[PDB]
$ cat my_file20.pdb   # PDB, C-alpha atoms
MODEL        1
ATOM      1  CA  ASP V   1      -0.345 159.071  46.297  1.00  0.00           C
ATOM      2  CA  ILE V   2       0.312 162.809  46.776  1.00  0.00           C
ATOM      3  CA  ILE V   3       3.594 164.504  47.677  1.00  0.00           C
ATOM      4  CA  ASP V   4       4.200 167.832  49.418  1.00  0.00           C
ATOM      5  CA  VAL V   5       7.805 169.003  49.529  1.00  0.00           C
ATOM      6  CA  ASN V   6       8.999 172.607  49.378  1.00  0.00           C
ATOM      7  CA  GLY V   7       5.501 173.954  49.721  1.00  0.00           C
ATOM      8  CA  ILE V   8       4.816 172.310  46.342  1.00  0.00           C
ATOM      9  CA  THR V   9       2.061 169.729  46.026  1.00  0.00           C
ATOM     10  CA  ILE V  10       2.374 167.193  43.203  1.00  0.00           C
ATOM     11  CA  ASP V  11       0.296 164.069  42.550  1.00  0.00           C
ATOM     12  CA  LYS V  12       1.803 160.914  41.089  1.00  0.00           C
ATOM     13  CA  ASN V  13      -1.156 160.888  38.669  1.00  0.00           C
ATOM     14  CA  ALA V  14      -1.467 164.147  36.745  1.00  0.00           C
ATOM     15  CA  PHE V  15      -4.839 163.086  35.279  1.00  0.00           C
ATOM     16  CA  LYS V  16      -7.087 164.060  38.186  1.00  0.00           C
ATOM     17  CA  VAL V  17     -10.200 166.222  38.206  1.00  0.00           C
ATOM     18  CA  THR V  18     -11.771 167.800  41.281  1.00  0.00           C
ATOM     19  CA  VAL V  19     -15.441 167.512  42.165  1.00  0.00           C
ATOM     20  CA  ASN V  20     -17.372 168.201  45.394  1.00  0.00           C
ATOM     21  CA  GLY V  21     -14.064 168.614  47.176  1.00  0.00           C
ATOM     22  CA  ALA V  22     -13.085 165.076  46.135  1.00  0.00           C
ATOM     23  CA  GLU V  23     -10.804 163.708  43.396  1.00  0.00           C
ATOM     24  CA  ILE V  24     -11.480 161.527  40.368  1.00  0.00           C
ATOM     25  CA  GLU V  25      -8.406 159.665  39.108  1.00  0.00           C
ATOM     26  CA  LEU V  26      -8.393 159.227  35.335  1.00  0.00           C
ATOM     27  CA  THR V  27      -6.090 157.925  32.648  1.00  0.00           C
ATOM     28  CA  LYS V  28      -4.558 160.211  30.060  1.00  0.00           C
ATOM     29  CA  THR V  29      -7.058 159.119  27.387  1.00  0.00           C
ATOM     30  CA  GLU V  30     -10.058 159.510  29.722  1.00  0.00           C
ATOM     31  CA  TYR V  31      -8.835 162.951  30.827  1.00  0.00           C
ATOM     32  CA  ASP V  32      -8.381 164.152  27.242  1.00  0.00           C
ATOM     33  CA  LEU V  33     -11.818 162.859  26.277  1.00  0.00           C
ATOM     34  CA  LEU V  34     -13.526 164.605  29.182  1.00  0.00           C
ATOM     35  CA  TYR V  35     -11.688 167.792  28.314  1.00  0.00           C
ATOM     36  CA  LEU V  36     -12.626 167.537  24.643  1.00  0.00           C
ATOM     37  CA  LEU V  37     -16.303 167.091  25.452  1.00  0.00           C
ATOM     38  CA  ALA V  38     -16.246 169.816  28.113  1.00  0.00           C
ATOM     39  CA  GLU V  39     -14.359 172.198  25.832  1.00  0.00           C
ATOM     40  CA  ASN V  40     -17.257 171.634  23.400  1.00  0.00           C
ATOM     41  CA  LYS V  41     -20.147 172.045  25.863  1.00  0.00           C
ATOM     42  CA  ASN V  42     -23.531 171.885  24.081  1.00  0.00           C
ATOM     43  CA  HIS V  43     -21.983 170.920  20.727  1.00  0.00           C
ATOM     44  CA  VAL V  44     -22.457 167.275  19.744  1.00  0.00           C
ATOM     45  CA  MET V  45     -19.198 165.566  18.734  1.00  0.00           C
ATOM     46  CA  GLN V  46     -19.240 162.928  15.989  1.00  0.00           C
ATOM     47  CA  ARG V  47     -17.333 159.755  16.880  1.00  0.00           C
ATOM     48  CA  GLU V  48     -14.756 160.212  14.107  1.00  0.00           C
ATOM     49  CA  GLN V  49     -14.120 163.775  15.307  1.00  0.00           C
ATOM     50  CA  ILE V  50     -13.487 162.572  18.846  1.00  0.00           C
ATOM     51  CA  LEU V  51     -11.182 159.902  17.417  1.00  0.00           C
ATOM     52  CA  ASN V  52      -9.142 162.504  15.553  1.00  0.00           C
ATOM     53  CA  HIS V  53      -8.761 164.731  18.590  1.00  0.00           C
ATOM     54  CA  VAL V  54      -8.152 162.167  21.303  1.00  0.00           C
ATOM     55  CA  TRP V  55      -6.443 159.341  19.391  1.00  0.00           C
ATOM     56  CA  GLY V  56      -4.925 161.165  16.400  1.00  0.00           C
ATOM     57  CA  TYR V  57      -6.028 161.956  12.853  1.00  0.00           C
ATOM     58  CA  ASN V  58      -4.166 158.973  11.432  1.00  0.00           C
ATOM     59  CA  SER V  59      -4.850 156.493  14.214  1.00  0.00           C
ATOM     60  CA  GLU V  60      -5.160 152.841  13.332  1.00  0.00           C
ATOM     61  CA  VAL V  61      -7.447 152.231  16.314  1.00  0.00           C
ATOM     62  CA  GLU V  62     -10.952 150.940  15.660  1.00  0.00           C
ATOM     63  CA  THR V  63     -13.405 153.825  15.860  1.00  0.00           C
ATOM     64  CA  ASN V  64     -15.311 152.159  18.673  1.00  0.00           C
ATOM     65  CA  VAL V  65     -12.645 152.900  21.326  1.00  0.00           C
ATOM     66  CA  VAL V  66     -14.615 156.132  21.671  1.00  0.00           C
ATOM     67  CA  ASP V  67     -17.597 154.075  22.815  1.00  0.00           C
ATOM     68  CA  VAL V  68     -15.372 151.971  25.072  1.00  0.00           C
ATOM     69  CA  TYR V  69     -13.870 155.037  26.735  1.00  0.00           C
ATOM     70  CA  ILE V  70     -17.167 156.936  26.968  1.00  0.00           C
ATOM     71  CA  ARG V  71     -18.301 153.991  29.118  1.00  0.00           C
ATOM     72  CA  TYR V  72     -15.044 154.088  31.101  1.00  0.00           C
ATOM     73  CA  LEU V  73     -15.548 157.811  31.618  1.00  0.00           C
ATOM     74  CA  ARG V  74     -19.172 157.445  32.702  1.00  0.00           C
ATOM     75  CA  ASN V  75     -18.194 154.721  35.185  1.00  0.00           C
ATOM     76  CA  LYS V  76     -15.598 157.042  36.712  1.00  0.00           C
ATOM     77  CA  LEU V  77     -18.276 159.721  37.064  1.00  0.00           C
ATOM     78  CA  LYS V  78     -21.038 157.473  38.440  1.00  0.00           C
ATOM     79  CA  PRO V  79     -19.736 157.537  42.065  1.00  0.00           C
ATOM     80  CA  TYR V  80     -20.098 161.342  42.106  1.00  0.00           C
ATOM     81  CA  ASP V  81     -23.444 161.444  40.255  1.00  0.00           C
ATOM     82  CA  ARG V  82     -21.972 163.207  37.222  1.00  0.00           C
ATOM     83  CA  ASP V  83     -22.221 160.385  34.656  1.00  0.00           C
ATOM     84  CA  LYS V  84     -25.442 161.623  33.065  1.00  0.00           C
ATOM     85  CA  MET V  85     -23.643 164.764  31.814  1.00  0.00           C
ATOM     86  CA  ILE V  86     -22.089 162.739  28.965  1.00  0.00           C
ATOM     87  CA  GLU V  87     -25.067 162.125  26.689  1.00  0.00           C
ATOM     88  CA  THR V  88     -25.349 159.692  23.804  1.00  0.00           C
ATOM     89  CA  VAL V  89     -26.779 161.374  20.712  1.00  0.00           C
ATOM     90  CA  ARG V  90     -27.651 158.002  19.234  1.00  0.00           C
ATOM     91  CA  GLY V  91     -26.318 157.544  15.724  1.00  0.00           C
ATOM     92  CA  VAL V  92     -24.019 160.592  15.601  1.00  0.00           C
ATOM     93  CA  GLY V  93     -21.982 160.776  18.800  1.00  0.00           C
ATOM     94  CA  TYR V  94     -21.542 162.323  22.226  1.00  0.00           C
ATOM     95  CA  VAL V  95     -22.162 165.660  23.900  1.00  0.00           C
ATOM     96  CA  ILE V  96     -21.766 167.314  27.291  1.00  0.00           C
ATOM     97  CA  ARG V  97     -24.808 169.546  27.720  1.00  0.00           C
TER      98      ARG V  97
ATOM     99  CA  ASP S   1      -6.969 177.419  30.244  1.00  0.00           C
ATOM    100  CA  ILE S   2      -9.220 175.864  32.918  1.00  0.00           C
ATOM    101  CA  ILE S   3     -12.744 174.500  32.496  1.00  0.00           C
ATOM    102  CA  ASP S   4     -15.529 174.158  35.065  1.00  0.00           C
ATOM    103  CA  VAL S   5     -18.609 172.268  33.916  1.00  0.00           C
ATOM    104  CA  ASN S   6     -20.817 170.053  36.075  1.00  0.00           C
ATOM    105  CA  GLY S   7     -19.093 171.136  39.240  1.00  0.00           C
ATOM    106  CA  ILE S   8     -15.978 169.451  37.811  1.00  0.00           C
ATOM    107  CA  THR S   9     -12.809 171.465  37.308  1.00  0.00           C
ATOM    108  CA  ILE S  10     -10.361 170.219  34.671  1.00  0.00           C
ATOM    109  CA  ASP S  11      -7.255 171.934  33.288  1.00  0.00           C
ATOM    110  CA  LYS S  12      -6.193 171.571  29.668  1.00  0.00           C
ATOM    111  CA  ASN S  13      -2.685 170.845  31.002  1.00  0.00           C
ATOM    112  CA  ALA S  14      -2.660 167.977  33.491  1.00  0.00           C
ATOM    113  CA  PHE S  15       1.001 168.641  34.384  1.00  0.00           C
ATOM    114  CA  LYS S  16       0.501 171.434  36.916  1.00  0.00           C
ATOM    115  CA  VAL S  17       1.812 171.738  40.458  1.00  0.00           C
ATOM    116  CA  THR S  18       0.493 174.121  43.103  1.00  0.00           C
ATOM    117  CA  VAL S  19       2.682 176.436  45.147  1.00  0.00           C
ATOM    118  CA  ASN S  20       1.886 179.485  47.315  1.00  0.00           C
ATOM    119  CA  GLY S  21      -1.653 179.387  45.990  1.00  0.00           C
ATOM    120  CA  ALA S  22      -0.310 179.744  42.436  1.00  0.00           C
ATOM    121  CA  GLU S  23       0.229 177.249  39.596  1.00  0.00           C
ATOM    122  CA  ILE S  24       3.350 176.080  37.787  1.00  0.00           C
ATOM    123  CA  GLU S  25       2.666 174.667  34.317  1.00  0.00           C
ATOM    124  CA  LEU S  26       5.033 171.846  33.383  1.00  0.00           C
ATOM    125  CA  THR S  27       5.500 169.354  30.592  1.00  0.00           C
ATOM    126  CA  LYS S  28       5.004 165.648  31.128  1.00  0.00           C
ATOM    127  CA  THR S  29       8.766 165.012  31.306  1.00  0.00           C
ATOM    128  CA  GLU S  30       9.364 167.911  33.722  1.00  0.00           C
ATOM    129  CA  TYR S  31       6.469 166.760  35.925  1.00  0.00           C
ATOM    130  CA  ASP S  32       7.753 163.178  36.072  1.00  0.00           C
ATOM    131  CA  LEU S  33      11.262 164.373  36.895  1.00  0.00           C
ATOM    132  CA  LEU S  34      10.069 166.601  39.728  1.00  0.00           C
ATOM    133  CA  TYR S  35       7.993 163.740  41.068  1.00  0.00           C
ATOM    134  CA  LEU S  36      10.897 161.302  40.850  1.00  0.00           C
ATOM    135  CA  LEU S  37      13.199 163.632  42.760  1.00  0.00           C
ATOM    136  CA  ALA S  38      10.508 164.514  45.309  1.00  0.00           C
ATOM    137  CA  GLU S  39       9.545 160.866  45.762  1.00  0.00           C
ATOM    138  CA  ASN S  40      13.235 160.346  46.629  1.00  0.00           C
ATOM    139  CA  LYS S  41      13.672 163.294  49.017  1.00  0.00           C
ATOM    140  CA  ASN S  42      17.162 163.309  50.589  1.00  0.00           C
ATOM    141  CA  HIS S  43      18.414 160.439  48.404  1.00  0.00           C
ATOM    142  CA  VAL S  44      20.792 161.477  45.621  1.00  0.00           C
ATOM    143  CA  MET S  45      19.771 160.120  42.204  1.00  0.00           C
ATOM    144  CA  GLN S  46      22.464 159.125  39.703  1.00  0.00           C
ATOM    145  CA  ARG S  47      21.881 160.486  36.196  1.00  0.00           C
ATOM    146  CA  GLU S  48      21.493 157.029  34.635  1.00  0.00           C
ATOM    147  CA  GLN S  49      18.908 156.136  37.292  1.00  0.00           C
ATOM    148  CA  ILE S  50      16.885 159.243  36.503  1.00  0.00           C
ATOM    149  CA  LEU S  51      17.169 158.367  32.811  1.00  0.00           C
ATOM    150  CA  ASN S  52      15.766 154.892  33.414  1.00  0.00           C
ATOM    151  CA  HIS S  53      12.829 156.167  35.433  1.00  0.00           C
ATOM    152  CA  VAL S  54      11.853 159.234  33.446  1.00  0.00           C
ATOM    153  CA  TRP S  55      12.902 158.282  29.903  1.00  0.00           C
ATOM    154  CA  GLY S  56      12.837 154.466  30.017  1.00  0.00           C
ATOM    155  CA  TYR S  57      15.363 151.726  30.750  1.00  0.00           C
ATOM    156  CA  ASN S  58      16.082 151.175  27.067  1.00  0.00           C
ATOM    157  CA  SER S  59      15.944 154.780  25.911  1.00  0.00           C
ATOM    158  CA  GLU S  60      18.150 155.835  23.041  1.00  0.00           C
ATOM    159  CA  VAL S  61      18.272 159.411  24.343  1.00  0.00           C
ATOM    160  CA  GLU S  62      21.646 160.880  25.254  1.00  0.00           C
ATOM    161  CA  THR S  63      22.096 160.740  29.017  1.00  0.00           C
ATOM    162  CA  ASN S  64      22.474 164.499  29.228  1.00  0.00           C
ATOM    163  CA  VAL S  65      18.748 165.209  28.670  1.00  0.00           C
ATOM    164  CA  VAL S  66      18.633 164.834  32.451  1.00  0.00           C
ATOM    165  CA  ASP S  67      20.901 167.870  32.722  1.00  0.00           C
ATOM    166  CA  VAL S  68      18.864 169.716  30.091  1.00  0.00           C
ATOM    167  CA  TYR S  69      15.599 169.065  31.917  1.00  0.00           C
ATOM    168  CA  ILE S  70      17.022 169.732  35.389  1.00  0.00           C
ATOM    169  CA  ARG S  71      17.758 173.224  34.028  1.00  0.00           C
ATOM    170  CA  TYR S  72      14.265 173.449  32.510  1.00  0.00           C
ATOM    171  CA  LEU S  73      12.818 172.399  35.855  1.00  0.00           C
ATOM    172  CA  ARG S  74      14.890 174.890  37.840  1.00  0.00           C
ATOM    173  CA  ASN S  75      13.852 177.696  35.475  1.00  0.00           C
ATOM    174  CA  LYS S  76      10.195 176.830  36.048  1.00  0.00           C
ATOM    175  CA  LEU S  77      10.799 176.993  39.801  1.00  0.00           C
ATOM    176  CA  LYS S  78      12.852 180.212  39.826  1.00  0.00           C
ATOM    177  CA  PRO S  79       9.795 182.550  39.672  1.00  0.00           C
ATOM    178  CA  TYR S  80       8.492 181.028  42.927  1.00  0.00           C
ATOM    179  CA  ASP S  81      11.890 180.855  44.674  1.00  0.00           C
ATOM    180  CA  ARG S  82      11.907 177.051  44.761  1.00  0.00           C
ATOM    181  CA  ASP S  83      14.717 176.366  42.262  1.00  0.00           C
ATOM    182  CA  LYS S  84      17.417 175.841  44.883  1.00  0.00           C
ATOM    183  CA  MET S  85      15.609 172.712  46.152  1.00  0.00           C
ATOM    184  CA  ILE S  86      16.989 170.716  43.195  1.00  0.00           C
ATOM    185  CA  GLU S  87      20.664 170.376  44.092  1.00  0.00           C
ATOM    186  CA  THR S  88      23.527 169.276  41.873  1.00  0.00           C
ATOM    187  CA  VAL S  89      25.658 166.632  43.576  1.00  0.00           C
ATOM    188  CA  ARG S  90      28.495 167.312  41.168  1.00  0.00           C
ATOM    189  CA  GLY S  91      29.784 164.178  39.490  1.00  0.00           C
ATOM    190  CA  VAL S  92      27.005 161.789  40.564  1.00  0.00           C
ATOM    191  CA  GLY S  93      23.629 163.438  40.013  1.00  0.00           C
ATOM    192  CA  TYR S  94      20.698 165.303  41.515  1.00  0.00           C
ATOM    193  CA  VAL S  95      18.814 165.396  44.795  1.00  0.00           C
ATOM    194  CA  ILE S  96      15.891 167.204  46.403  1.00  0.00           C
ATOM    195  CA  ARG S  97      16.887 167.776  50.022  1.00  0.00           C
TER     196      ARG S  97
ENDMDL
END

$ encode --input "my_file20.pdb" --output "structure tokens"
Amino acid sequence: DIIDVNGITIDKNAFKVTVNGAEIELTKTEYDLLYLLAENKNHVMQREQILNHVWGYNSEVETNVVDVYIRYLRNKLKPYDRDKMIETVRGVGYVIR
Amino acid sequence: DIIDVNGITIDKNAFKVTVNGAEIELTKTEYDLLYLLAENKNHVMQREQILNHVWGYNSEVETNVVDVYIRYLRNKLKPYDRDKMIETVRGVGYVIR
């Protein structure tokens, strides 16, 4: 939920984005991935690069979490017709254009 | 900073609260502490209880981080004249009233 106390509004989930006057609730990893892509508008990001930035340069995770979470992120954006902004550059990686 | 892409607005720092049309930038731990207190409006929270909720039930941290971060939180609220909402109940703990 959302809390309003001393004139301060704070959400239990910090990892929200606003769109069309509505709210998308994300996880930390989804939020950081969206930011990373958006921060790099029009520049394609190689999967390993996304891994370094979102999961850590020394992460033991399998590189395909990026794929898994790109799908998670798209699914969160589908209800608001924003999913097609995350584009697969097949063979190299992902871009927000 | 803040980013606006496909009609979506996302901040690099998720741990923001709004007040008087302005923005307070917090850390994760400060944000969770503010939420915990605000979620428990008018109920005093014992230090150990805050420790369990914000730092974990099995945390090895010294119990006085709560004090340290209450001060951090107050200092973040002082510029907007909201610091006095976090009250010391001396000897037991903290409350938002």

$ resolve_selection --input "my_file20.pdb" --expression "the PyMOL selection byres ((chain S and resi 2-16) around 7)" --output "NGL selection string"
(:V and (14-15 or 17-19 or 35 or 38)) or (:S and (1 or 17-18 or 23-28 or 31))

$ closest_residue --input "my_file20.pdb" --among "V:53, V:30, V:44, V:97" --to "residue 70 of chain V" --atoms "only C-alpha atoms"
V:30

$ atom_distance --input "my_file20.pdb" --atom1 "atom CA of residue 74 of chain V" --atom2 "atom CA of residue 33 of chain V"
11.2 Å

$ closest_residue --input "my_file20.pdb" --among "S:92, S:65, S:29, S:39" --to "chain V" --atoms "only C-alpha atoms"
S:39

$ atom_distance --input "my_file20.pdb" --atom1 "atom CA of residue 55 of chain V" --atom2 "atom CA of residue 93 of chain V"
15.6 Å

$ residues_around --input "my_file20.pdb" --residues "residue 47 of chain V" --least-positions-apart "2" --cutoff "10 Å" --atoms "all atoms listed in the file" --output "count of residues only"
15

$ closest_residue --input "my_file20.pdb" --among "V:32, V:87, V:48, V:60" --to "chain S" --atoms "all atoms listed in the file"
V:32

$ closest_residue --input "my_file20.pdb" --among "S:21, S:76, S:85, S:36" --to "residue 54 of chain S" --atoms "only C-alpha atoms"
S:36

$ atom_distance --input "my_file20.pdb" --atom1 "atom CA of residue 78 of chain S" --atom2 "atom CA of residue 62 of chain S"
25.8 Å

$ closest_residue --input "my_file20.pdb" --among "V:84, V:56, V:69, V:79" --to "chain S" --atoms "all atoms listed in the file"
V:84

$ closest_residue --input "my_file20.pdb" --among "V:89, V:71, V:82, V:95" --to "chain S" --atoms "all atoms listed in the file"
V:82

$ axis_aligned_box --input "my_file20.pdb" --around "segment 28-38 of chain V" --padding-each-side "6 Å" --output "JSON"
{"center_x": -10.4, "center_y": 164.5, "center_z": 27.7, "size_x": 23.7, "size_y": 22.7, "size_z": 18.2}
